[PDB]
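# in the first instance, please consider these chains from the complex; the rest will follow:
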Amino acid sequence: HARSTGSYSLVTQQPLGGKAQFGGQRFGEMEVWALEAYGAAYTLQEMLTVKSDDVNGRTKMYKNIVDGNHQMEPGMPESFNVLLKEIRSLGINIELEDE
Amino acid sequence: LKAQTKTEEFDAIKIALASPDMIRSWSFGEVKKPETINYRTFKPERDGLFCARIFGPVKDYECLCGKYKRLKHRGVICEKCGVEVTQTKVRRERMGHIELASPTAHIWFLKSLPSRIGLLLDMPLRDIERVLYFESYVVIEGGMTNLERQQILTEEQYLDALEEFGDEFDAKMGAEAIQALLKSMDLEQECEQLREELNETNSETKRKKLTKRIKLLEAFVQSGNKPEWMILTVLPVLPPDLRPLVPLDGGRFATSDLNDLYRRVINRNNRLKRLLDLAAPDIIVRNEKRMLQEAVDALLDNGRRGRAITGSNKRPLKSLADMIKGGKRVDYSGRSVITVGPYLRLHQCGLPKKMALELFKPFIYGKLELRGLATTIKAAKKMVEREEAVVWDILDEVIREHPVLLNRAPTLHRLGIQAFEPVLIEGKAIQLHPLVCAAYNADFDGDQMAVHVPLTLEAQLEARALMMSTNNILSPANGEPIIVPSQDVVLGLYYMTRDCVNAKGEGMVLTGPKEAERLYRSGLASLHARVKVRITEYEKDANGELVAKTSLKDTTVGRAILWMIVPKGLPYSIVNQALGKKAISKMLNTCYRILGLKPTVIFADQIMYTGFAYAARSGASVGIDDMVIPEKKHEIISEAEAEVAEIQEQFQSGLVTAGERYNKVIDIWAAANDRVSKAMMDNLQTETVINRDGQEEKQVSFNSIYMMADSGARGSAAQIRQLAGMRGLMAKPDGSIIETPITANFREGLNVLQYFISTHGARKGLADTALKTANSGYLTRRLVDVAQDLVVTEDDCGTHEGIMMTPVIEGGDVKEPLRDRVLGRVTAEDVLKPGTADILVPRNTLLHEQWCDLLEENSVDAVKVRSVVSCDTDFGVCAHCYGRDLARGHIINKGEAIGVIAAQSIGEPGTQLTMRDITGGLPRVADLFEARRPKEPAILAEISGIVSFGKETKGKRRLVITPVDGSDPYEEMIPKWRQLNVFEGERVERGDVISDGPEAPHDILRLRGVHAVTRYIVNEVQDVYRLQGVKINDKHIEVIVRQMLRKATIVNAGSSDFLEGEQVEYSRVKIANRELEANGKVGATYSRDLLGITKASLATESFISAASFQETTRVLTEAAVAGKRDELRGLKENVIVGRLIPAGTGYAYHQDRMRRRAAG
């Protein structure tokens, strides 16, 4: 199996397929151990955001790829943005203050 | 003059209670109807859980009705229906609220282990707080007569008390009552009076509850939250998209359970509001209020009390909390079955054409439109979709120096993901270098690996300079090489040595390379003879460089040609003069330590190519006649069955103890099993005769099977012994041993009986394999959970103290030395010399300089070395104190990640640990880390004194020992059970043995010393690795022991409050800043405390980190009560938020941003 970019679930903007392509490979805890040990900060960086579940990020970075610019331009993955609202949906309040 | 009011960069996140007005701030409207979607138009209702006016528009830019359509009105709301026409993702972020009539209690702050709302108020949970808010027993709210302030009254008691006084102590019941209770509570005045009363003439009979609540009460008031927010009056609503009802296939919608919940809470709430306007029968309204309570509690967190069912599913409903309580798929990915690729290099891998085509799709597109070919972007897609020849060449361009990193399923350590340079291969399978095939623990049984494409620019450089296989020559666990040649190649180089006498031999001498012409051109053999040739050696010394040394040595044909592969330096010839076994790797290691990376890397490709080729040339096979049985087999078996026969006859005529004759006859067969095993080995080993010149001589068998065993290549004694010898004593499901060992062997036939016996061994073998394989990872998770936050920082501090390293000696009564445990170790300070001078202060023991520690003779067997156990560092680890041991040869690069690499190496060999005064196995490793007291703990002398009995069994009691000397006594308690070891009157030292049994690490650390307890843990945990025979460096054990001793307990008087057990992090940093601040008397002396992996990991600064592993419902709750904030340095919590890792490639980023957050 191999996947560049395909569909995503409504609930969590994560790659999935089987209707035309194949849902991309799964990372996980065992692998994020390894990356942290090496010191692959940007690889783990992308592998947690733009490469996976960053709505604007993946589109922004894909355009940068076809333009041959690379870089990244990341953002809060919805797999954490959802948590803010689900926690905020409860009587508890979490706010991400600046400095 | 900043004060920006946008979504910029954040340095921390805060967690606290939300005021009803706090909830109102998020409110983009009020849900008022349980209605979801229309039954006919399938359109969002007015003010339902899915409003368009409240939350967001369905379609992207067109409003609900349709008055406005295109981008003309993206900022203005509709006229007929207040629908802000922006995006549809707005529907994914908008909040919204419901405003209840009577107050409702938050399920979390109510019933979550400690009742927060209760303990804050000092009141029973499921006892009093339940009967008081479920409308059962009314509570008081402060009275100036007869009644106290928080007593519980019945209806009868209520009216009686009301009739006596009344109209001046009014005290309601239910939810709003607890509100007035929490509201009326003065945290300030109570924090004073609680401090006054709970300090007046009370020993340790009160201090418990005293210290606890006063710390808690002080926390909450300072947190900023008002206890009013505990029970909410305004409950906020989750954004619609995060709980949608999307039409599947041909009708049949699919919704989340929250819609069921939110719909119930609204219905119950409105009926409540409607009843608070109609006739209000106390029983009817109160019940509806309890039902709103049920509804809200179920929506927030089911848990817990029955579980609200409905939804037709016999299964419960997924509430909010259950959706955040307890994997990460990714784009640009793929996987396939792996296959060996001998023709590859060490930094290369076979990546399939069609696979790589779809993987670099975004790169191929860009390069196509870049060059020409494709007029536009969509032209490229149609161009690669129609794989048009030219496209493949462009593909050959984009994957040029674009590293792709590989990954296997069970990733135990760092070498699970390694980078390679993509090589196009016409096939649908992924090929891999046969050297790094061992690091992955991968076989070609059908195992399949995954591939990832480093998109980011530096993500490519991270892959090339770190995760690239060529940088991972050595194992992170033990300094030895990891890509060392395995089975096929090693038998290859073993066949390239192995001096055979004569047989097309003779000593016809030449000069290296010319011999190659000799081998191909036949005439001469290859394993002869020996024979002499000219060896041009190269060595260096002092001023390095190279010093030639031509000579005439007696090698073989194999050793001559094989010499060509060897690099410039090295001792030469002598490395080839031996053979191919374990030194095959030894040769590789030494080359790395004396040459460097590149010479070693190319050397590996060469030694790999050599082995395969010559091994293929050799053609060692395994016919049925290769595994020869000894002739004395039937002889030895009869003799053993003769001996056991005599024993059974003795048991028949009494004589010998029949109760344990089972044990002694087992020894007979066990001796018998060894006799056949030795006989088979001595025969199959040497044998042969040859015929040298005048014939008659002996070497060692060229029996293929033997060659494989005498050269690694999966061939051990036990397996061989089963091949031709015999399968010895077999286990019985009971755990006992059968008294009739499998006399036969695999070379011979096997009876149906003895196979049905051996079937048990295999079953319990595979099964036990299945348990310890998952139990291994179960350990690694705990190791990492506690250790994955510390990284080598502040460069290299001062300090000289550190454990005195000495050779692990069981030689006290068994003789077993190991003295390589100091290398790449930084010296403590000039560790003497039988005379003077020698070793420096911070000089790290080189690989060549530890070999210099043999020139100082066997006299010097003790050296103080800086370790992670010590090191007066603060929140990190000194580089010097660590070492160097990596795949890299130097000291660890500043800002590495010691923790994870440490844990990985420790929990990696867990796969090869057998679970069970010797427990032994993986479980033994666990207990040492958990720091658990033994089932029969020994006892130690806290203070050195004179031993005497303290009232023979006068309690209670049970014996009593009292070592008193100099000043003050001690009364230890002996429970009669178990003897003693020191008579009365005798004197003891500070921590002497008076139980001669298992030692408790807690006592050792507490009394003996930190160096002692760490030395105990390391030398005891290693002892279970010796038996399993798995090499693993002591550093990493020390690393986990480091933060295994993270916190301590202060005992005196300081700015820190006594009984509190706090970590030496804040402790040391605060005691250093008090000696020279105002006075050292405003600070106390602390005391190191041993806590296990779990107990240590349980404590951590980030509340986000904790919510990862431990019970989220608890951690998020308690961290909410006090206005806590993560800010924001941990690894784990900085991963889920999805930003740069505060270490490695990052680190620099965090340091800059860490210092940046000093202005305010």
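Perfect, I can see it now. Residues are numbered from 1 along each chain as shown, chains lettered A, B, ... in the order given.

# for chain B, what's its nearest residue on chain A.
Going by Cβ to the nearest Cβ, chain B is nearest to residue A:39 of chain A, at 2.1 Å. C-beta here means a position set from N, CA and C on the backbone, and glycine is covered the same way.

# is that residue in contact with residue B:462, as I believe?
Yes - taking Cβ atoms under 8 Å as the definition, residue A:39 is a contact partner of residue B:462 at 7.3 Å.

# contacting residues for residue B:1120?
Residue B:1120 sits next to A:92, B:15-17 when contact means Cβ atoms under 8 Å, 6 or more residues apart in numbering or on different chains.

# the more surrounded of residue A:39 and residue B:462?
Between residue A:39 and residue B:462, counted using other Cβ atoms under 10 Å in any protein chain shown, the more crowded position is residue B:462 (28 against 24).

# hmm, back to that, which residue is the nearest non-sequential neighbour of the residue of chain A closest to chain B?
residue B:1144 (2.1 Å; Cβ to Cβ, 6 or more residues apart in numbering or on different chains).

# ok, that neighbour touching residue B:894?
No - taking Cβ under 8 Å as the definition, residue B:1144 is not a contact partner of residue B:894, at 10.4 Å.

# one more, chain C:
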Amino acid sequence: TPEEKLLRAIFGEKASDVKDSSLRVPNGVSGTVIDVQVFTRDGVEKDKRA
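Adding chain C to the chains above:
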């Protein structure tokens, strides 16, 4: 989108109010059809091929 409206205007509109959802053989595989089959709804215009 305006640009697309222009684009079809330059090459011919034919902007059918219909989409596309034809069963296509997934990329990679390839073989020969050995049997087709059609189960029509009870009350639906049966096809020529059906």
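
# back to the contacts of residue B:1120, now that we've got chain C?
Residue B:1120 neighbours (Cβ under 8 Å, 6+ apart): A:92, B:15-17.

# which residues in the stretch 451-600 of chain B form helices?
Assigned by DSSP state H, counting those that start in this stretch, the stretch 451-600 of chain B shows helices spanning B:457-465, B:487-495, B:513-520, B:557-562, B:574-577, B:583-594, B:597-618.

# and chain C, by the same measure?
In chain C, the helices defined using DSSP state H lie at C:2-11.

# residue nearest the middle of it, spatially speaking?
residue C:22 (3.9 Å; Cα atoms, centre = their mean).

# residues from the stretch 151-300 of chain B in reach of chain A?
B:229, B:232, B:235-239, B:241-242, B:244, B:246, B:300 (Cβ under 8 Å from any Cβ of the partner chain).

# around chain A, pick out the residues from the stretch 601-750 of chain B.
Residues of the stretch 601-750 of chain B lying near chain A (Cβ under 8 Å from any Cβ): none found.

# closest residue of the stretch 601-750 of chain B to chain A?
For the stretch 601-750 of chain B, Cβ to the nearest Cβ, closest residue to chain A: residue B:601, 18.4 Å.

# could you pull up the residues touching that residue?
With contact set as Cβ under 8 Å, 6+ apart, residue B:601 has these partners: B:346-347, B:470, B:473.

# let's put chain D on the structure above:
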Amino acid sequence: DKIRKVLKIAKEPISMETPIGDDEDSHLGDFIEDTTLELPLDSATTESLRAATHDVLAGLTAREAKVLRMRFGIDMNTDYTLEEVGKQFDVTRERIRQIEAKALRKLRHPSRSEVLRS
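Adding chain D to the chains above:
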């Protein structure tokens, strides 16, 4: 058919949190793909399309670029008709349609928008 449509309203219906293949662990709502989002490929091409049109109207005259731009309404939101464009350019209706057709005549050799079609 009335009865048929009635059965399309029955049942709650199903909730997403339902286990399906009984993996580790399945949920029906986890298979639900998003369709309101566009493929990054599709988004990239739309941008390149903007560049394509923005560059093709450059090889045109002002009294032809503005004509093509304003008629089919591009880079100006509200699109106008033959009259509202015929009034701002004196000559009404047929004259402006003449130019509008001439611009379309020009785009019969460039391949950019051709392949962008499909």
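
# re-run the earlier check on the contacts of residue B:1120 with chain D in the model.
Applying Cβ under 8 Å, 6+ apart, the residues contacting residue B:1120 are A:92, B:15-17.

# roughly how far apart are it and residue D:12?
As judged by Cβ to Cβ, to the nearest Å, residue B:1120 and residue D:12 stand 34 Å apart.

# go on, residue B:574?
81 Å.

# near chain C, which residues of chain D?
D:46, D:49-50, D:52-53, D:68, D:72-75, D:79, D:104, D:107, D:113-114, D:116-117.

# out of those, which are inside helices?
Those of those lying in helices (DSSP H): D:46, D:49-50, D:52-53, D:68, D:104, D:113-114, D:116-117.

# I'd like those as a markdown table, with neighbour count appended.
Conversion of those to a markdown table gives the following (neighbours: other Cβ atoms under 10 Å in any protein chain shown):
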| residue | neighbour count |
| --- | --- |
| D:46 | 17 |
| D:49 | 21 |
| D:50 | 15 |
| D:52 | 22 |
| D:53 | 25 |
| D:68 | 23 |
| D:104 | 14 |
| D:113 | 19 |
| D:114 | 17 |
| D:116 | 22 |
| D:117 | 13 |
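
# farthest-separated two in those?
Across these, the longest distance by Cβ to Cβ is 21.7 Å; it joins D:46 and D:104.
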